[PDB]
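Notes for the one structure printed next.
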Amino acid sequence: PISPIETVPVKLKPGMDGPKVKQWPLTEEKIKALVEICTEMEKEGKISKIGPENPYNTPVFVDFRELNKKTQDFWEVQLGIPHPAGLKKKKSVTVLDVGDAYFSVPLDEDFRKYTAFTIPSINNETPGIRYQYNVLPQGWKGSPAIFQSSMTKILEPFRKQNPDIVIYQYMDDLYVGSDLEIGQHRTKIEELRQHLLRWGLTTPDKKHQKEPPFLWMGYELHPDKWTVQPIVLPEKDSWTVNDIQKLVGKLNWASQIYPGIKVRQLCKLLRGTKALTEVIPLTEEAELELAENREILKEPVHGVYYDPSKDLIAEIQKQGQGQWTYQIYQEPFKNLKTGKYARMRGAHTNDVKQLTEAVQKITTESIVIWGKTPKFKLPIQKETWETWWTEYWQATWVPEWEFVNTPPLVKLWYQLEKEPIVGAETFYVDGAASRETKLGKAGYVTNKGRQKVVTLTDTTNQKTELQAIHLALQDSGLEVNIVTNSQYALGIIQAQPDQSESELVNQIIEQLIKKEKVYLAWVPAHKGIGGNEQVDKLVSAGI
Amino acid sequence: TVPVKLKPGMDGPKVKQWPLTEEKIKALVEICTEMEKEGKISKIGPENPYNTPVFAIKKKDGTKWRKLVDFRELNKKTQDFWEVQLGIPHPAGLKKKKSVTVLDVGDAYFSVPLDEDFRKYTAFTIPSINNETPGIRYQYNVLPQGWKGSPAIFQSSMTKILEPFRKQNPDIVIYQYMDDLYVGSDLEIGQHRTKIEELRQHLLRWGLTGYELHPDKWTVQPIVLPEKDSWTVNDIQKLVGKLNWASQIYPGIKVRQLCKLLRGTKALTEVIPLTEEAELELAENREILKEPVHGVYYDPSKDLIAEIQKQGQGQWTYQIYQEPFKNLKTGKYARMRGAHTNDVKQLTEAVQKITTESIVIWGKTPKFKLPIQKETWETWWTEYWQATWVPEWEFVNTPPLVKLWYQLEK
DNA sequence: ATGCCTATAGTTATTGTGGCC
RNA sequence: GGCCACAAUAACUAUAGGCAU
Ligand SMILES: Cc1ccnc2c1NC(=O)c1cccnc1N2C1CC1
């Protein structure tokens, strides 16, 4: 009888009721100003006077933090933030700011009694005048959910009448963009203003309209291009511990537009856990990539909008160890959006495999923003691509990819032989270590008769088996046959280790490139095989 | 109508929506608009917190885009309604037949309306390009496709219409599962097509509207050991390691005599002749591999587990087991030679092959172990997906020991 | 059997950037 | 302080192998 646009029924959680917190102590200096605000909202039709029938109370700051916990769960307003690179290019863009947004869209009668608040008393603890929200209150969890759903119903017939125009809604602000001329675009907004005025929404006039440069989510928007806001960093001394991580976050936000962003060496300093004020000093390797990052930030660059007619092209580059950077572009030189793949969990991930993992990150991101799979350009050869995945256990598929050579080329180091080498010396690999005091031995027994036994300090069982392979390839010719008993050592040689970990393996990898043919075989441990038992007795002699 | 109640304590499903391609998004709107006008789905506000994942699949017979809704989260909570309250009887003489014909009966569920209180739980959100639209919401007014509670309510009507069909053919055993109909016939292949046509004509009389499988050809193929005239040290070392891993599966195989052949350090090039004890043991091990192992039994209380392994050069093998290292059903699919094959397509067709076999023999969806990433699988599985039933799958490591053992299977 | 190591999958807690109440 | 989107870093569970008791 008073509220338009048909109210949507909202109910509380069956577990607990609304707020029951008492009123805050009096201020007197702030109460007098609040009297004029409550009287103005009462005349318009936002709040109404109620008696002592309402038991619920809300403190005036007005805080709705206690109410939100009692209110039922609502579906999320936005599913992923829109990126300026995936947007369509428009000739004229005009924004509309909604005046009295939550004041127009009302609340259901059943929920109106739960949003009742009490104004602090004047003197002698008086009851005062009670008020309850009839419309959507400021600071409620369900406020942005209902308002967005109501606006969709308003602009439902408007989109069908004009399919050529694209309208977007964001909380209170509405963005209108079209490929039409400046004269025709101005008429469409005037018709859009009259459509919103019917329900009761205030829109600014032609003189109060905002200029083509817009500021949204920290991005500077233009009708033809888009650019990020310039980030200013202090250039004197490296301060505290958390500010080092802040520089990584600034580079993280710069990774979406700047292709040359390195963060690997900066994250190495953040290895120290449990610290309030640590103050990390600068090193040679960490500041080396920090110097080149500042040079790219000096020159201003702009991104390009998405075009449906042209296909998306992506290319993979290598800038460091275990770090990949990619750029998506439709036209040469003009980039749309750049990305990165820098996370390393600890163990080896393989350069060929991590490259495919980087592609999958682009593919999934392209579905959300662009909506279609882009054409990839890999720095790996077609011959190397087919050899790796056929022998590997994990299966992956790339639909469309082209071979394009890049300055930082990635090549395979070594490949294990399938058939045993004839006339070559046979090496048996077996090692054992103790948990107490941390001591282990490594040795190898050959068919000729030569053998070497060494002792190691501060080592695990996984490292002692790894050390025995290194010594077997050290005192050998060109063609080496390696027989190992451990399953752990078998998996490392088959794969290609390239990370911060596996420093001991890097000595073996360098030797494997020098050798022409290397054979590897696996045998069961502790059974009674000739050649394996002889090595086992030597390592477990003192252990 | 019948009221549907959820399991006490557990709340409704809340799963995040997976993004879809631009071609699939516009395809979903076309179906949703047609269903809204007929009276199948209705729009709801933002007050609904429950979300259901939705995907788009292509059809072969109708060559059109079909709407697929995943109810795997809801099925775990609504298991009391479809088993305890209204259970589906499963015959033992369904796995033993000559020819099984698969027919889609999912279109018949759009007639029976859903409960008013349960309508809010079947709400789903449609993904959009760059999140331009907030998201168009729809709730199911009738029985949805892919839900296990739909056949339970329809069971009272399904038994009545199949009553004259069962009376005419007592020897032919019929079974209903989810949205697919499975009919097993013991007649000839020329007479099998006539029997299905008569059953399909009965459906048109009621109101609502070559693919064949061989259940007799699912014989367990024995794993055979490679035959060699001259055995070398390298050949023995690989043979001992593979059979030692299978010692926990098969207790009959012993590697005691094989290890005694090698004495001291020797080169792989050297040829070692087998003794009388070595030849007797190796030949005996082949007999244990051919004969089915004792201790294989089906238990409905325990969940079924399936593991698929990649071999290479267009070769795939799978093992169906309830308990670790205790196989129940073994089989392998090589390559679908004819048009186009890839790493995803060969795996997608493999899962659908096991799922169809699981219904006829047992009647439960197994846990699929896939040698693929979660981000890779959840993007390209919809491209080659045809079946309306979606099984539960997990992603784990594939050992090198299990790969080198099942490659010798004929 | 449990505690202690490595690798393959996944999950969470923490911080940061951009916003909001 | 909580909520939303995206990233970097530390911990915890299934599988496979290993060591110690
Ligand atoms: C903030 C925002 C939100 C949603 N879309 C857009 C934008 N705004 C852009 O500024 C914008 C600028 C130029 C062209 N299209 C744009 N766009 C499709 C309508 C442009």
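Labeling convention for the structure tokens: chains A, B, ... as they appear, residues from 1 per chain, ligands from 1 in order of appearance.
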Residues at most 9 Å from ligand 1, using only C-alpha atoms (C1' of nucleotides) and all ligand atoms? Could they come as a ChimeraX atom specification? /A:82-84,86-95,165-170,174-178,212-217,220-226,305 /B:130-132
Write the selection just made, keeping C-alpha atoms, as a PDB file, in the first residue's frame?
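This is the output file result.pdb:
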```pdb
ATOM      1  CA  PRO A  82      35.687  -8.436 -15.316  1.00  0.00           C
ATOM      2  CA  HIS A  83      39.059  -7.701 -16.939  1.00  0.00           C
ATOM      3  CA  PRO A  84      39.469  -4.675 -19.256  1.00  0.00           C
ATOM      4  CA  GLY A  86      38.250  -9.058 -22.466  1.00  0.00           C
ATOM      5  CA  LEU A  87      35.845  -6.144 -22.961  1.00  0.00           C
ATOM      6  CA  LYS A  88      34.528  -5.018 -26.361  1.00  0.00           C
ATOM      7  CA  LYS A  89      35.719  -1.771 -27.970  1.00  0.00           C
ATOM      8  CA  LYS A  90      33.055   0.960 -27.896  1.00  0.00           C
ATOM      9  CA  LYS A  91      32.782   4.347 -29.633  1.00  0.00           C
ATOM     10  CA  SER A  92      31.012   6.246 -26.831  1.00  0.00           C
ATOM     11  CA  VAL A  93      30.839   5.261 -23.148  1.00  0.00           C
ATOM     12  CA  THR A  94      28.545   6.944 -20.603  1.00  0.00           C
ATOM     13  CA  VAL A  95      28.209   6.110 -16.892  1.00  0.00           C
ATOM     14  CA  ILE A 165      23.900  -1.720 -27.005  1.00  0.00           C
ATOM     15  CA  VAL A 166      25.731  -3.413 -24.110  1.00  0.00           C
ATOM     16  CA  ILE A 167      24.810  -2.359 -20.559  1.00  0.00           C
ATOM     17  CA  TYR A 168      26.666  -3.439 -17.405  1.00  0.00           C
ATOM     18  CA  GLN A 169      25.656  -3.050 -13.748  1.00  0.00           C
ATOM     19  CA  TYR A 170      28.090  -2.691 -10.832  1.00  0.00           C
ATOM     20  CA  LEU A 174      25.811   1.461 -14.445  1.00  0.00           C
ATOM     21  CA  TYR A 175      28.044   1.428 -17.537  1.00  0.00           C
ATOM     22  CA  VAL A 176      26.588   1.971 -21.024  1.00  0.00           C
ATOM     23  CA  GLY A 177      28.716   1.449 -24.150  1.00  0.00           C
ATOM     24  CA  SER A 178      27.938   1.269 -27.874  1.00  0.00           C
ATOM     25  CA  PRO A 212      35.426   9.267 -20.879  1.00  0.00           C
ATOM     26  CA  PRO A 213      38.366   8.680 -18.497  1.00  0.00           C
ATOM     27  CA  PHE A 214      37.011   6.357 -15.779  1.00  0.00           C
ATOM     28  CA  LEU A 215      38.532   4.900 -12.602  1.00  0.00           C
ATOM     29  CA  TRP A 216      37.377   1.369 -11.738  1.00  0.00           C
ATOM     30  CA  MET A 217      39.138  -1.290  -9.648  1.00  0.00           C
ATOM     31  CA  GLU A 220      42.246   3.896 -15.940  1.00  0.00           C
ATOM     32  CA  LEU A 221      39.601   3.345 -18.628  1.00  0.00           C
ATOM     33  CA  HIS A 222      39.497   4.810 -22.147  1.00  0.00           C
ATOM     34  CA  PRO A 223      37.136   4.340 -25.122  1.00  0.00           C
ATOM     35  CA  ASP A 224      39.928   2.781 -27.236  1.00  0.00           C
ATOM     36  CA  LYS A 225      42.568   1.584 -24.736  1.00  0.00           C
ATOM     37  CA  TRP A 226      43.158   0.774 -21.045  1.00  0.00           C
ATOM     38  CA  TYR A 305      40.172  -4.493 -26.113  1.00  0.00           C
TER      39      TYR A 305
ATOM     40  CA  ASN B 130      33.546 -11.973 -18.532  1.00  0.00           C
ATOM     41  CA  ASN B 131      30.735 -11.886 -15.914  1.00  0.00           C
ATOM     42  CA  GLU B 132      28.678  -9.283 -17.818  1.00  0.00           C
TER      43      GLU B 132
END
```
Tell me, as an MDAnalysis selection string, which residues lie within 12 Å of residue 13 in chain D, counting only C-alpha atoms (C1' of nucleotides); anything in the same chain fewer than 5 positions away does not count. chainID C and resid 9:12
Once you count only C-alpha atoms (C1' of nucleotides), what closest atom pair and distance in Å to one decimal does each residue of chain D within 10 Å of chain B have, with rows by chain and rising residue number, as JSON lines?
```
{"residue": "D:14", "atom": "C1'", "partner": "B:396", "partner_atom": "CA", "distance": 7.8}
{"residue": "D:15", "atom": "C1'", "partner": "B:397", "partner_atom": "CA", "distance": 6.0}
{"residue": "D:16", "atom": "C1'", "partner": "B:399", "partner_atom": "CA", "distance": 6.0}
{"residue": "D:17", "atom": "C1'", "partner": "B:399", "partner_atom": "CA", "distance": 9.6}
```
Got time to write the residues from that selection, C-alpha atoms (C1' of nucleotides), as a PDB file, in the first residue's frame?
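Output file again.pdb follows:
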```
ATOM      1  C1'   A D  14      44.912 -40.575  -0.159  1.00  0.00           C
ATOM      2  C1'   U D  15      48.568 -43.410  -3.253  1.00  0.00           C
ATOM      3  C1'   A D  16      53.696 -45.355  -4.203  1.00  0.00           C
ATOM      4  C1'   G D  17      58.418 -46.354  -2.288  1.00  0.00           C
TER       5        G D  17
END
```
Contacts of chain B with chain A up to 6 Å, shortest pair per row, only C-alpha atoms, as JSON lines:
```
{"residue": "B:19", "atom": "CA", "partner": "A:368", "partner_atom": "CA", "distance": 5.9}
{"residue": "B:21", "atom": "CA", "partner": "A:371", "partner_atom": "CA", "distance": 5.0}
{"residue": "B:22", "atom": "CA", "partner": "A:371", "partner_atom": "CA", "distance": 4.7}
{"residue": "B:46", "atom": "CA", "partner": "A:145", "partner_atom": "CA", "distance": 5.8}
{"residue": "B:47", "atom": "CA", "partner": "A:74", "partner_atom": "CA", "distance": 5.5}
{"residue": "B:49", "atom": "CA", "partner": "A:75", "partner_atom": "CA", "distance": 5.0}
{"residue": "B:129", "atom": "CA", "partner": "A:371", "partner_atom": "CA", "distance": 5.6}
{"residue": "B:130", "atom": "CA", "partner": "A:369", "partner_atom": "CA", "distance": 4.2}
{"residue": "B:241", "atom": "CA", "partner": "A:524", "partner_atom": "CA", "distance": 5.4}
{"residue": "B:259", "atom": "CA", "partner": "A:529", "partner_atom": "CA", "distance": 5.2}
{"residue": "B:262", "atom": "CA", "partner": "A:530", "partner_atom": "CA", "distance": 4.8}
{"residue": "B:263", "atom": "CA", "partner": "A:530", "partner_atom": "CA", "distance": 4.6}
{"residue": "B:264", "atom": "CA", "partner": "A:530", "partner_atom": "CA", "distance": 4.4}
{"residue": "B:265", "atom": "CA", "partner": "A:531", "partner_atom": "CA", "distance": 4.1}
{"residue": "B:266", "atom": "CA", "partner": "A:447", "partner_atom": "CA", "distance": 5.7}
{"residue": "B:267", "atom": "CA", "partner": "A:426", "partner_atom": "CA", "distance": 5.7}
{"residue": "B:269", "atom": "CA", "partner": "A:422", "partner_atom": "CA", "distance": 6.0}
{"residue": "B:310", "atom": "CA", "partner": "A:393", "partner_atom": "CA", "distance": 5.6}
{"residue": "B:312", "atom": "CA", "partner": "A:390", "partner_atom": "CA", "distance": 5.1}
{"residue": "B:343", "atom": "CA", "partner": "A:397", "partner_atom": "CA", "distance": 5.8}
{"residue": "B:371", "atom": "CA", "partner": "A:394", "partner_atom": "CA", "distance": 5.0}
{"residue": "B:372", "atom": "CA", "partner": "A:394", "partner_atom": "CA", "distance": 5.6}
```
Each residue of chain C with at least one atom at most 8 Å from chain A should appear once, together with its nearest atom pair and the corresponding distance in Å (one decimal); atoms considered: only C-alpha atoms (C1' of nucleotides); ordering: chain, then increasing residue number; output as JSON lines.
```
{"residue": "C:5", "atom": "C1'", "partner": "A:462", "partner_atom": "CA", "distance": 7.7}
{"residue": "C:6", "atom": "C1'", "partner": "A:462", "partner_atom": "CA", "distance": 7.1}
{"residue": "C:7", "atom": "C1'", "partner": "A:488", "partner_atom": "CA", "distance": 7.5}
{"residue": "C:16", "atom": "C1'", "partner": "A:249", "partner_atom": "CA", "distance": 5.2}
{"residue": "C:17", "atom": "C1'", "partner": "A:249", "partner_atom": "CA", "distance": 5.8}
{"residue": "C:18", "atom": "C1'", "partner": "A:217", "partner_atom": "CA", "distance": 5.6}
{"residue": "C:19", "atom": "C1'", "partner": "A:217", "partner_atom": "CA", "distance": 6.6}
{"residue": "C:21", "atom": "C1'", "partner": "A:139", "partner_atom": "CA", "distance": 5.2}
```
Which residues of chain D are close to chain A, meaning at most 8 Å apart when you count only C-alpha atoms (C1' of nucleotides), and how do they look as a PyMOL selection string? chain D and resi 4-5+7-10+17-20
Please save N, CA, C and O atoms (P, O5', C5', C4', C3', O3' and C1' of nucleotides) of the selected residues as a PDB file, in the first residue's frame.
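Done, and the output landed in again10.pdb:
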```
ATOM      1  P     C D   4      33.129 -14.927   0.979  1.00  0.00           P
ATOM      2  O5'   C D   4      33.339 -13.955  -0.266  1.00  0.00           O
ATOM      3  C5'   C D   4      32.233 -13.581  -1.111  1.00  0.00           C
ATOM      4  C4'   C D   4      32.702 -12.714  -2.257  1.00  0.00           C
ATOM      5  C3'   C D   4      33.905 -13.223  -3.037  1.00  0.00           C
ATOM      6  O3'   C D   4      33.536 -14.211  -3.995  1.00  0.00           O
ATOM      7  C1'   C D   4      34.138 -10.897  -2.612  1.00  0.00           C
ATOM      8  P     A D   5      34.574 -15.357  -4.420  1.00  0.00           P
ATOM      9  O5'   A D   5      35.550 -14.604  -5.431  1.00  0.00           O
ATOM     10  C5'   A D   5      35.086 -14.173  -6.726  1.00  0.00           C
ATOM     11  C4'   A D   5      36.141 -13.351  -7.428  1.00  0.00           C
ATOM     12  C3'   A D   5      37.533 -13.970  -7.515  1.00  0.00           C
ATOM     13  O3'   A D   5      37.633 -14.891  -8.597  1.00  0.00           O
ATOM     14  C1'   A D   5      37.707 -11.703  -6.847  1.00  0.00           C
ATOM     15  P     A D   7      44.592 -16.973  -9.952  1.00  0.00           P
ATOM     16  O5'   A D   7      45.758 -16.436  -9.006  1.00  0.00           O
ATOM     17  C5'   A D   7      47.145 -16.592  -9.363  1.00  0.00           C
ATOM     18  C4'   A D   7      47.990 -15.520  -8.713  1.00  0.00           C
ATOM     19  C3'   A D   7      48.961 -16.008  -7.641  1.00  0.00           C
ATOM     20  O3'   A D   7      50.197 -16.414  -8.222  1.00  0.00           O
ATOM     21  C1'   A D   7      47.732 -14.157  -6.815  1.00  0.00           C
ATOM     22  P     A D   8      50.817 -17.866  -7.944  1.00  0.00           P
ATOM     23  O5'   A D   8      51.823 -17.609  -6.735  1.00  0.00           O
ATOM     24  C5'   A D   8      53.088 -16.949  -6.941  1.00  0.00           C
ATOM     25  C4'   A D   8      53.574 -16.315  -5.659  1.00  0.00           C
ATOM     26  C3'   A D   8      53.945 -17.282  -4.535  1.00  0.00           C
ATOM     27  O3'   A D   8      55.304 -17.699  -4.628  1.00  0.00           O
ATOM     28  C1'   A D   8      52.463 -15.642  -3.700  1.00  0.00           C
ATOM     29  P     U D   9      55.753 -19.167  -4.164  1.00  0.00           P
ATOM     30  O5'   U D   9      55.557 -19.148  -2.581  1.00  0.00           O
ATOM     31  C5'   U D   9      56.632 -18.768  -1.698  1.00  0.00           C
ATOM     32  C4'   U D   9      56.124 -18.574  -0.288  1.00  0.00           C
ATOM     33  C3'   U D   9      55.924 -19.840   0.530  1.00  0.00           C
ATOM     34  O3'   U D   9      57.139 -20.291   1.119  1.00  0.00           O
ATOM     35  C1'   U D   9      54.038 -18.425   0.777  1.00  0.00           C
ATOM     36  P     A D  10      57.391 -21.853   1.391  1.00  0.00           P
ATOM     37  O5'   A D  10      56.490 -22.154   2.673  1.00  0.00           O
ATOM     38  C5'   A D  10      57.079 -22.587   3.917  1.00  0.00           C
ATOM     39  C4'   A D  10      56.062 -22.543   5.036  1.00  0.00           C
ATOM     40  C3'   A D  10      55.357 -23.861   5.346  1.00  0.00           C
ATOM     41  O3'   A D  10      56.108 -24.667   6.249  1.00  0.00           O
ATOM     42  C1'   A D  10      53.747 -22.144   5.129  1.00  0.00           C
ATOM     43  P     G D  17      54.555 -49.954  -3.020  1.00  0.00           P
ATOM     44  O5'   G D  17      56.005 -49.374  -2.700  1.00  0.00           O
ATOM     45  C5'   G D  17      57.040 -49.394  -3.701  1.00  0.00           C
ATOM     46  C4'   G D  17      58.145 -48.425  -3.352  1.00  0.00           C
ATOM     47  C3'   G D  17      58.861 -48.665  -2.034  1.00  0.00           C
ATOM     48  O3'   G D  17      59.801 -49.731  -2.105  1.00  0.00           O
ATOM     49  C1'   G D  17      58.418 -46.354  -2.288  1.00  0.00           C
ATOM     50  P     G D  18      60.044 -50.646  -0.810  1.00  0.00           P
ATOM     51  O5'   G D  18      60.925 -49.707   0.129  1.00  0.00           O
ATOM     52  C5'   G D  18      62.220 -49.249  -0.302  1.00  0.00           C
ATOM     53  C4'   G D  18      62.709 -48.113   0.567  1.00  0.00           C
ATOM     54  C3'   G D  18      62.955 -48.442   2.028  1.00  0.00           C
ATOM     55  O3'   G D  18      64.175 -49.152   2.210  1.00  0.00           O
ATOM     56  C1'   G D  18      61.913 -46.315   1.828  1.00  0.00           C
ATOM     57  P     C D  19      64.281 -50.273   3.351  1.00  0.00           P
ATOM     58  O5'   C D  19      64.605 -49.407   4.649  1.00  0.00           O
ATOM     59  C5'   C D  19      65.828 -48.651   4.741  1.00  0.00           C
ATOM     60  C4'   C D  19      65.748 -47.639   5.861  1.00  0.00           C
ATOM     61  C3'   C D  19      65.535 -48.200   7.257  1.00  0.00           C
ATOM     62  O3'   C D  19      66.754 -48.668   7.825  1.00  0.00           O
ATOM     63  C1'   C D  19      64.137 -46.309   6.918  1.00  0.00           C
ATOM     64  P     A D  20      66.758 -49.917   8.830  1.00  0.00           P
ATOM     65  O5'   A D  20      66.141 -49.311  10.169  1.00  0.00           O
ATOM     66  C5'   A D  20      66.849 -48.305  10.922  1.00  0.00           C
ATOM     67  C4'   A D  20      65.962 -47.724  11.999  1.00  0.00           C
ATOM     68  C3'   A D  20      65.340 -48.725  12.967  1.00  0.00           C
ATOM     69  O3'   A D  20      66.255 -49.087  13.997  1.00  0.00           O
ATOM     70  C1'   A D  20      63.697 -47.174  12.253  1.00  0.00           C
TER      71        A D  20
END
```
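Each of B:198, B:299, B:277, B:375 was checked against chain C using only C-alpha atoms (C1' of nucleotides); the smallest atom-to-atom distance is that of B:375.
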Find the spatial neighbours of residue 452 in chain A, counting only C-alpha atoms (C1' of nucleotides), within a cut-off of 9 Å - ignore same-chain residues fewer than 5 positions away - and output them as a count of residues only. 5
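Using only C-alpha atoms (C1' of nucleotides), the protein and nucleic acid residues lying no more than 9 Å from residue 301 in chain A, apart from those fewer than 5 places from it along its own chain, are residues 226, 227, 228, 257 and 258 of chain A.
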At a cut-off of 8 Å, using only C-alpha atoms (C1' of nucleotides), what residues contact range 306-317 of chain A? Leave out same-chain residues fewer than 3 positions from it and give the result as a ChimeraX atom specification. /A:85-89,324-330,336,355,370,373-379,406,408
Residues of range 354-412 of chain A in alpha helix (DSSP H), written as a PyMOL selection string: chain A and resi 354-368+382-391
Restricting it to N, CA and C atoms, dump the selection as a compact mmCIF listing (two decimals), in the first residue's frame.
```txt
# COMPACT_ATOMS: atom_id res chain seq x y z
N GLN A 354 55.98 -28.42 -16.87
CA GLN A 354 55.59 -27.14 -16.28
C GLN A 354 55.10 -26.15 -17.34
N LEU A 355 55.64 -26.28 -18.55
CA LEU A 355 55.22 -25.48 -19.69
C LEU A 355 53.77 -25.81 -20.07
N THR A 356 53.42 -27.09 -20.00
CA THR A 356 52.06 -27.57 -20.27
C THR A 356 51.11 -27.16 -19.14
N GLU A 357 51.63 -27.13 -17.92
CA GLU A 357 50.88 -26.67 -16.75
C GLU A 357 50.59 -25.17 -16.82
N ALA A 358 51.50 -24.43 -17.45
CA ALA A 358 51.34 -23.00 -17.68
C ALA A 358 50.28 -22.73 -18.75
N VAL A 359 50.23 -23.59 -19.76
CA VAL A 359 49.24 -23.50 -20.84
C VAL A 359 47.82 -23.72 -20.32
N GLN A 360 47.67 -24.69 -19.41
CA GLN A 360 46.38 -25.01 -18.79
C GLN A 360 45.85 -23.85 -17.94
N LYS A 361 46.77 -23.07 -17.36
CA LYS A 361 46.42 -21.88 -16.59
C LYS A 361 45.85 -20.79 -17.50
N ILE A 362 46.40 -20.68 -18.71
CA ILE A 362 45.91 -19.73 -19.72
C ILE A 362 44.56 -20.18 -20.26
N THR A 363 44.44 -21.48 -20.54
CA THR A 363 43.22 -22.07 -21.10
C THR A 363 42.01 -21.85 -20.19
N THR A 364 42.20 -22.10 -18.89
CA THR A 364 41.14 -21.94 -17.89
C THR A 364 40.77 -20.46 -17.69
N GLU A 365 41.78 -19.59 -17.76
CA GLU A 365 41.59 -18.15 -17.62
C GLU A 365 40.90 -17.55 -18.85
N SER A 366 41.13 -18.16 -20.01
CA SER A 366 40.53 -17.73 -21.27
C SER A 366 39.04 -18.05 -21.35
N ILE A 367 38.61 -19.08 -20.62
CA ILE A 367 37.20 -19.48 -20.57
C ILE A 367 36.38 -18.46 -19.77
N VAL A 368 36.95 -17.96 -18.68
CA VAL A 368 36.27 -17.01 -17.79
C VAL A 368 36.13 -15.63 -18.43
N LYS A 382 58.47 -30.28 -31.97
CA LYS A 382 57.44 -31.31 -32.17
C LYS A 382 57.97 -32.72 -31.88
N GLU A 383 59.27 -32.91 -32.11
CA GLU A 383 59.93 -34.20 -31.86
C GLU A 383 60.12 -34.46 -30.36
N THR A 384 60.41 -33.40 -29.61
CA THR A 384 60.62 -33.48 -28.17
C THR A 384 59.28 -33.64 -27.42
N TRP A 385 58.23 -33.05 -27.99
CA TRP A 385 56.89 -33.09 -27.40
C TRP A 385 56.29 -34.47 -27.43
N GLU A 386 56.53 -35.20 -28.52
CA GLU A 386 55.97 -36.54 -28.71
C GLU A 386 56.71 -37.61 -27.90
N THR A 387 57.99 -37.38 -27.63
CA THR A 387 58.83 -38.34 -26.91
C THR A 387 58.53 -38.36 -25.41
N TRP A 388 58.22 -37.19 -24.85
CA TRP A 388 58.03 -37.03 -23.41
C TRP A 388 56.75 -37.64 -22.89
N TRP A 389 55.63 -37.34 -23.55
CA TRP A 389 54.31 -37.73 -23.05
C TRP A 389 53.93 -39.16 -23.30
N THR A 390 54.57 -39.79 -24.29
CA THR A 390 54.30 -41.19 -24.63
C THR A 390 54.85 -42.16 -23.58
N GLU A 391 55.95 -41.78 -22.94
CA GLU A 391 56.57 -42.60 -21.90
C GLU A 391 56.10 -42.22 -20.49
```
Write out as a ChimeraX atom specification which residues come within 10 Å of residue 16 in chain A when counting only C-alpha atoms (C1' of nucleotides), dropping same-chain ones fewer than 2 positions away. /A:12-14,18-19,69-71
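Distances here use only C-alpha atoms; by that measure, the residue among B:370, B:57, B:25, B:172 closest to residue 347 in chain B is B:370.
Every protein, DNA or RNA residue with an atom at most 8 Å from range 114-124 of chain B, where only C-alpha atoms (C1' of nucleotides) count and chain neighbours fewer than 2 positions away do not, is listed here: residues 1, 2, 3, 4, 5, 12, 13, 48, 50, 51, 52, 53, 54, 112, 126, 137, 138, 139, 140, 141, 142 and 143 of chain B.
If you measure from each of B:369, B:200, B:403, B:102 to chain C using only C-alpha atoms (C1' of nucleotides), the closest one turns out to be B:369.
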